[PDB]
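[1] so I pulled this structure from the PDB, and the sequence comes with it:
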Amino acid sequence: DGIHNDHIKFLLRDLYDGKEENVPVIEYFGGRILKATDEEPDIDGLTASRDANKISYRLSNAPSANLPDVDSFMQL
């Protein structure tokens, strides 16, 4: 703890000038998230709609073998 806290202190004082208000805050300490200057789904076999109440994703019922990564589909 000691070693880490000297680090966060050293680090605050050296890049936040004491102001812990400057230290950004997240819900839980998890993995960084990817920013898209797009924000629009350029994804095949997937359609994307939304209101103020609901976001709709649905995948083409066409038998064609074009669908999103199981990975991508969950990042979304």
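    Received it, and whenever you're ready, just let me know what you need. Numbering: from 1, shown residues only.

[2] what is the burial count for residue 17?
    Look at residue 17: counted by other Cβ atoms under 10 Å, it has 8 neighbours. For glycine as for every other residue, the C-beta is placed from the backbone atoms N, C-alpha and C.

[3] likewise for residue 68?
    Residue 68: 17 neighbours (other Cβ under 10 Å).

[4] contacting residues around it?
    Residues near residue 68 by Cβ atoms under 8 Å, 6 or more residues apart in numbering: 43, 44, 45, 46, 59, 76.

[5] the residues you listed in strands, which ones?
    46, 59 (DSSP state E).

[6] assumed residue 36 was part of a helix.
    No. Using DSSP: H, G, I helix; E, B strand; the rest coil, the assignment for residue 36 is coil, not a helix.

[7] kindly export stretch 49-65 (C-alpha atoms) in CSV.
    Extracted C-alpha coordinates of stretch 49-65, given in CSV (Å, rounded to 0.1, in the frame of the first residue of the first chain):
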residue,chain,number,x,y,z
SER,A,49,-32.1,1.8,-34.9
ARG,A,50,-32.9,3.9,-31.8
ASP,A,51,-35.4,6.2,-30.0
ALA,A,52,-35.0,8.0,-26.7
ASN,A,53,-36.4,4.9,-25.1
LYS,A,54,-34.9,2.0,-27.0
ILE,A,55,-31.9,0.9,-29.0
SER,A,56,-32.7,-1.7,-31.7
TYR,A,57,-30.1,-4.2,-33.1
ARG,A,58,-31.2,-7.0,-35.4
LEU,A,59,-29.3,-9.4,-37.6
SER,A,60,-30.3,-10.2,-41.1
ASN,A,61,-32.5,-13.3,-41.3
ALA,A,62,-30.9,-14.0,-44.8
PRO,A,63,-29.2,-17.4,-44.8
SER,A,64,-26.0,-15.7,-46.1
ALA,A,65,-23.0,-16.3,-43.8
